[PDB]
Amino acid sequence: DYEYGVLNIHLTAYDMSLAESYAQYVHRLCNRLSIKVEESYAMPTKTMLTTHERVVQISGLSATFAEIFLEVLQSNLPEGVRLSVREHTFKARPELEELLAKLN
Amino acid sequence: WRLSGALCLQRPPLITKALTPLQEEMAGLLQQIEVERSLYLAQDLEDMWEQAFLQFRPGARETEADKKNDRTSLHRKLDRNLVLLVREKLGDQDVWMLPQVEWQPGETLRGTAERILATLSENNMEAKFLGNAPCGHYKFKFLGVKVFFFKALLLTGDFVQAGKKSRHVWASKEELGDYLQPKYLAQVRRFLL
Amino acid sequence: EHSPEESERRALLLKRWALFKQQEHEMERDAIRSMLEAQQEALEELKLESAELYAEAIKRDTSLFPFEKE
Amino acid sequence: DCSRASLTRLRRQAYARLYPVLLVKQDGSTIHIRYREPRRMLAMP
RNA sequence: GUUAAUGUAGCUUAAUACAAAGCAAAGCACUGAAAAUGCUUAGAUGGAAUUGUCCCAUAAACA
């Protein structure tokens with residue numbers, strides 16, 4: 001019994017618009033699947049032509065869940081979209097006051 | 001107890017299916033609105049580029065047109081996944097079976113699962129395992145017996161001698177019921193994609 | 001400017017598409033449900049047969065990821 | 001299925017109209033893309 | 001054949017009344033995504049008792 005680490009997916013596609021559709025589409029599927037998405041950040045253009053790469057954060061997975069989920073990505077993965085799987089690497093006033101008591 | 005293991009291999013579809021007509025009309029609709037909301041001899045160039053498309057042929061979405069009968073070939077289907085399927089004969093049964101092998105406690109399911117990949121294919125085919133969790137289990141009694149159905153994906157296939165004397169048949173979904181009648185073998189669709 | 005019948009026809013095909021998409025979700029969810037049920041069913045059966053194998057199986061593979069799929 | 005998210009549309013307020021072109025790959029495969037000019041196809045080198 | 005059956009729409013032990021209900025789910029619009037919000041979508045009591053078991057349709061295993 002072990003829990004997978006939070007793994008980012010770098011979605012690299014020629015067109016951002018197609019990349020955006022898949023990123024949102026996987027997100028909504030992720031939300032239905034109870035996959036938490038902390039961030040959906042986008043990398044800078046690969047200027048030389050250009051290409052667009054978008055990160056959809058995926059946090060939490062199970063061995064059975066991963067096997068079924070990863071395959072579903074294959075079918076969902078649309079025309080000329082390249083997947084990627086990688087392991088992952090200012091607090092406001094109300095938070096500050098609570099922490100002060102803890103460390104005092 | 002009679003320990004027997006088996007593997008439900010999966011082959012990715014290389015080329016995507018074409019869009020349905022209902023999608024095609026929707027594509028026109030989204031394109032039309034896109035032009036509306038967008039912010040605002042070339043014919044010879046179009047002719048040069050259109051023939052450039054013609055001269056270089058694209059990979060056929062289905063490589064079946066030439067074959068029409070190559071069940072034993074790894075490229076049975078392209079738009080959908082394939083499953084290895086080999087005839088087997090038992091002492092008390094003679095049925096078309098998913099590739100089966102004998103396993104021992106010394107070998108883990110993955111070790112047997114790896115052996116299934118190359119034992120009944122006697123080639124350098126390349127497949128990948130995602131997890132050790134199995135996908136099916138079916139028991140037939142005459143004496144205790146059990147068959148474990150695993151799952152794997154075919155990265156690439158170096159299937160030399162496509163015309164083997166063995167009866168290996170690649171089926172996506174149509175031939176599963178045709179070849180595997182009993183639920184113990186006709187229910188393989190439950191964990192098949 | 002588009003005619004009202006043209007909008008009506010485009011709305012109707014959109015209505016068909018919305019109904020078609022609803023059928024897609026039912027088909028995809030049922031397809032996923034069968035896949036999950038089969039995977040869950042496989043979990044139940046072998047655990048009865050031998051829980052020891054699953055104890056090893058439930059352990060993750062550190063080298064499995066990063067995994068790239070086209 | 002690849003057709004689940006194949007039908008997509010631009011999500012930008014203001015921009016010059018984009019035209020569809022085919023990017024012919026080195027293995028012959030083709031993919032639809034949106035390009036600034038009304039070209040017909042592209043060739044991967 | 002015996003089990004086990006599964007039997008208002010994804011869900012509900014909503015309902016049988018003066019309605020076959022509520023919720024989940026879906027499309028479009030709204031530009032980070034998601035959510036929210038507005039305008040839209042598609043539906044079922046197998047069918048009883050009697051409720052807070054048949055009953056045959058169906059039904060693997062028993063057989």
# chains A, B, ... in the order shown; residues from 1 in each chain; ligands from 1
>>> residues_around(residues="stretch 12-22 of chain E", least_positions_apart="2", cutoff="10 Å", atoms="only C-alpha atoms (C1' of nucleotides)", output="JSON, numbers by chain")
{"E": [8, 44, 45, 51, 52]}
>>> write_last_selection(atoms="N, CA and C atoms (P, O5', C5', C4', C3', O3' and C1' of nucleotides)", output="PDB file, in the first residue's frame")
ATOM      1  P     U E   8     -37.672  -1.285  -9.768  1.00  0.00           P
ATOM      2  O5'   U E   8     -38.373   0.046 -10.276  1.00  0.00           O
ATOM      3  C5'   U E   8     -37.608   1.066 -10.890  1.00  0.00           C
ATOM      4  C4'   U E   8     -38.481   1.986 -11.701  1.00  0.00           C
ATOM      5  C3'   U E   8     -37.750   3.096 -12.453  1.00  0.00           C
ATOM      6  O3'   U E   8     -37.320   2.684 -13.740  1.00  0.00           O
ATOM      7  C1'   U E   8     -39.446   4.044 -11.129  1.00  0.00           C
ATOM      8  P     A E  44     -39.288   8.016 -20.722  1.00  0.00           P
ATOM      9  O5'   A E  44     -39.142   6.849 -19.650  1.00  0.00           O
ATOM     10  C5'   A E  44     -38.338   5.715 -19.928  1.00  0.00           C
ATOM     11  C4'   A E  44     -37.942   4.994 -18.666  1.00  0.00           C
ATOM     12  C3'   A E  44     -39.079   4.418 -17.843  1.00  0.00           C
ATOM     13  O3'   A E  44     -39.564   3.187 -18.347  1.00  0.00           O
ATOM     14  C1'   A E  44     -37.580   5.563 -16.421  1.00  0.00           C
ATOM     15  P     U E  45     -40.999   2.642 -17.876  1.00  0.00           P
ATOM     16  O5'   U E  45     -40.834   2.467 -16.302  1.00  0.00           O
ATOM     17  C5'   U E  45     -41.460   1.388 -15.618  1.00  0.00           C
ATOM     18  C4'   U E  45     -41.196   1.443 -14.135  1.00  0.00           C
ATOM     19  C3'   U E  45     -41.878   0.349 -13.305  1.00  0.00           C
ATOM     20  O3'   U E  45     -40.966  -0.162 -12.333  1.00  0.00           O
ATOM     21  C1'   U E  45     -42.434   2.485 -12.448  1.00  0.00           C
ATOM     22  P     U E  51     -46.382  -6.358   4.154  1.00  0.00           P
ATOM     23  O5'   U E  51     -45.914  -5.239   5.187  1.00  0.00           O
ATOM     24  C5'   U E  51     -45.931  -3.859   4.828  1.00  0.00           C
ATOM     25  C4'   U E  51     -44.756  -3.498   3.950  1.00  0.00           C
ATOM     26  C3'   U E  51     -43.975  -2.247   4.378  1.00  0.00           C
ATOM     27  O3'   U E  51     -42.567  -2.504   4.383  1.00  0.00           O
ATOM     28  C1'   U E  51     -44.595  -2.091   2.095  1.00  0.00           C
ATOM     29  P     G E  52     -41.969  -3.752   5.205  1.00  0.00           P
ATOM     30  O5'   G E  52     -40.504  -3.287   5.628  1.00  0.00           O
ATOM     31  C5'   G E  52     -40.058  -1.952   5.408  1.00  0.00           C
ATOM     32  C4'   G E  52     -40.368  -1.036   6.570  1.00  0.00           C
ATOM     33  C3'   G E  52     -41.839  -0.733   6.788  1.00  0.00           C
ATOM     34  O3'   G E  52     -42.062  -0.346   8.143  1.00  0.00           O
ATOM     35  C1'   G E  52     -40.733   1.207   5.963  1.00  0.00           C
TER      36        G E  52
END
>>> interface_residues(of="chain C", to="chain A", cutoff="8 Å", atoms="only C-alpha atoms", output="count of residues only")
13
>>> interface_residues(of="chain C", to="chain E", cutoff="12 Å", atoms="only C-alpha atoms (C1' of nucleotides)", output="PyMOL selection string")
chain C and resi 10-27+29-30+33
>>> interface_residues(of="chain B", to="chain A", cutoff="12 Å", atoms="only C-alpha atoms", output="VMD selection string")
chain B and resid 10 to 19 79 to 81 128 to 135 151 to 153 191 to 193
>>> closest_atom_pairs(of="chain D", to="chain A", cutoff="7 Å", atoms="only C-alpha atoms", output="CSV")
residue,atom,partner,partner_atom,distance
D:1,CA,A:75,CA,4.3
D:2,CA,A:78,CA,4.3
D:3,CA,A:78,CA,6.8
D:4,CA,A:76,CA,6.4
D:5,CA,A:22,CA,6.4
D:6,CA,A:78,CA,6.0
D:8,CA,A:18,CA,6.3
D:9,CA,A:17,CA,6.8
D:10,CA,A:17,CA,5.8
D:31,CA,A:80,CA,6.3
D:33,CA,A:15,CA,6.6
>>> write_last_selection(atoms="N, CA, C and O atoms", output="PDB file, in the first residue's frame")
ATOM      1  N   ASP D   1     -11.730   8.585 -26.798  1.00  0.00           N
ATOM      2  CA  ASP D   1     -11.628   8.609 -28.251  1.00  0.00           C
ATOM      3  C   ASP D   1     -11.063   9.941 -28.726  1.00  0.00           C
ATOM      4  O   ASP D   1     -11.347  10.991 -28.149  1.00  0.00           O
ATOM      5  N   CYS D   2     -10.254   9.884 -29.784  1.00  0.00           N
ATOM      6  CA  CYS D   2      -9.602  11.089 -30.283  1.00  0.00           C
ATOM      7  C   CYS D   2     -10.620  12.135 -30.713  1.00  0.00           C
ATOM      8  O   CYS D   2     -10.336  13.338 -30.658  1.00  0.00           O
ATOM      9  N   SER D   3     -11.805  11.702 -31.141  1.00  0.00           N
ATOM     10  CA  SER D   3     -12.853  12.619 -31.569  1.00  0.00           C
ATOM     11  C   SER D   3     -13.573  13.284 -30.404  1.00  0.00           C
ATOM     12  O   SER D   3     -14.391  14.181 -30.636  1.00  0.00           O
ATOM     13  N   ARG D   4     -13.296  12.871 -29.164  1.00  0.00           N
ATOM     14  CA  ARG D   4     -13.943  13.499 -28.017  1.00  0.00           C
ATOM     15  C   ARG D   4     -13.571  14.972 -27.914  1.00  0.00           C
ATOM     16  O   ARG D   4     -14.430  15.819 -27.636  1.00  0.00           O
ATOM     17  N   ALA D   5     -12.296  15.301 -28.133  1.00  0.00           N
ATOM     18  CA  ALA D   5     -11.807  16.670 -28.026  1.00  0.00           C
ATOM     19  C   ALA D   5     -11.225  17.174 -29.343  1.00  0.00           C
ATOM     20  O   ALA D   5     -10.398  18.091 -29.341  1.00  0.00           O
ATOM     21  N   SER D   6     -11.639  16.590 -30.469  1.00  0.00           N
ATOM     22  CA  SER D   6     -11.124  17.025 -31.763  1.00  0.00           C
ATOM     23  C   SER D   6     -11.747  18.346 -32.198  1.00  0.00           C
ATOM     24  O   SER D   6     -11.066  19.190 -32.791  1.00  0.00           O
ATOM     25  N   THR D   8     -12.571  21.777 -31.672  1.00  0.00           N
ATOM     26  CA  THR D   8     -12.161  22.865 -30.801  1.00  0.00           C
ATOM     27  C   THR D   8     -12.254  24.181 -31.560  1.00  0.00           C
ATOM     28  O   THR D   8     -12.274  24.211 -32.794  1.00  0.00           O
ATOM     29  N   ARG D   9     -12.311  25.278 -30.806  1.00  0.00           N
ATOM     30  CA  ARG D   9     -12.457  26.604 -31.385  1.00  0.00           C
ATOM     31  C   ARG D   9     -11.614  27.597 -30.599  1.00  0.00           C
ATOM     32  O   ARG D   9     -11.281  27.379 -29.431  1.00  0.00           O
ATOM     33  N   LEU D  10     -11.275  28.699 -31.262  1.00  0.00           N
ATOM     34  CA  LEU D  10     -10.396  29.701 -30.674  1.00  0.00           C
ATOM     35  C   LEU D  10     -11.066  30.388 -29.491  1.00  0.00           C
ATOM     36  O   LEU D  10     -12.268  30.666 -29.510  1.00  0.00           O
ATOM     37  N   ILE D  31      -1.756  16.454 -39.950  1.00  0.00           N
ATOM     38  CA  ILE D  31      -2.507  16.971 -38.813  1.00  0.00           C
ATOM     39  C   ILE D  31      -3.003  18.367 -39.162  1.00  0.00           C
ATOM     40  O   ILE D  31      -2.287  19.152 -39.792  1.00  0.00           O
ATOM     41  N   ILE D  33      -3.957  22.179 -38.510  1.00  0.00           N
ATOM     42  CA  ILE D  33      -3.496  23.273 -37.666  1.00  0.00           C
ATOM     43  C   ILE D  33      -4.100  24.569 -38.196  1.00  0.00           C
ATOM     44  O   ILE D  33      -4.648  24.621 -39.296  1.00  0.00           O
TER      45      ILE D  33
END
>>> select_by_dssp(residues="chain C", states="alpha helix (DSSP H)", output="PyMOL selection string")
chain C and resi 4-49+51-57
>>> interface_residues(of="chain E", to="chain D", cutoff="12 Å", atoms="only C-alpha atoms (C1' of nucleotides)", output="VMD selection string")
chain E and resid 30 to 32
>>> write_last_selection(atoms="N, CA and C atoms (P, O5', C5', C4', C3', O3' and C1' of nucleotides)", output="PDB file, in the first residue's frame")
ATOM      1  P     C E  30     -19.026  34.300 -25.496  1.00  0.00           P
ATOM      2  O5'   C E  30     -18.972  34.606 -23.934  1.00  0.00           O
ATOM      3  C5'   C E  30     -19.701  35.689 -23.376  1.00  0.00           C
ATOM      4  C4'   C E  30     -19.539  35.741 -21.879  1.00  0.00           C
ATOM      5  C3'   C E  30     -18.105  35.723 -21.373  1.00  0.00           C
ATOM      6  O3'   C E  30     -17.495  37.003 -21.407  1.00  0.00           O
ATOM      7  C1'   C E  30     -19.385  34.145 -20.168  1.00  0.00           C
ATOM      8  P     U E  31     -15.934  37.152 -21.753  1.00  0.00           P
ATOM      9  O5'   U E  31     -15.218  36.971 -20.343  1.00  0.00           O
ATOM     10  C5'   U E  31     -13.806  36.865 -20.248  1.00  0.00           C
ATOM     11  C4'   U E  31     -13.366  35.425 -20.306  1.00  0.00           C
ATOM     12  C3'   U E  31     -11.988  35.122 -19.741  1.00  0.00           C
ATOM     13  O3'   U E  31     -11.981  34.984 -18.332  1.00  0.00           O
ATOM     14  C1'   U E  31     -12.181  34.131 -21.869  1.00  0.00           C
ATOM     15  P     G E  32     -10.811  35.661 -17.462  1.00  0.00           P
ATOM     16  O5'   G E  32     -10.261  34.463 -16.569  1.00  0.00           O
ATOM     17  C5'   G E  32     -10.298  33.127 -17.045  1.00  0.00           C
ATOM     18  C4'   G E  32      -9.220  32.868 -18.068  1.00  0.00           C
ATOM     19  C3'   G E  32      -9.075  31.414 -18.507  1.00  0.00           C
ATOM     20  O3'   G E  32      -9.932  31.063 -19.580  1.00  0.00           O
ATOM     21  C1'   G E  32      -6.993  32.194 -17.763  1.00  0.00           C
TER      22        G E  32
END
>>> select_by_dssp(residues="chain D", states="strand (DSSP E or B)", output="MDAnalysis selection string")
chainID D and resid 16 19:24 32:35 41:43
>>> interface_residues(of="chain D", to="chain B", cutoff="6 Å", atoms="only C-alpha atoms", output="PDB file with C-alpha atoms, in the first residue's frame")
ATOM      1  CA  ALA D  14      -9.237  39.851 -30.954  1.00  0.00           C
ATOM      2  CA  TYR D  15      -6.897  38.394 -33.570  1.00  0.00           C
ATOM      3  CA  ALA D  16      -6.341  38.148 -37.302  1.00  0.00           C
ATOM      4  CA  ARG D  17      -8.370  35.390 -38.928  1.00  0.00           C
ATOM      5  CA  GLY D  28       3.446  10.964 -44.436  1.00  0.00           C
ATOM      6  CA  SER D  29       0.983  11.572 -41.609  1.00  0.00           C
TER       7      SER D  29
END
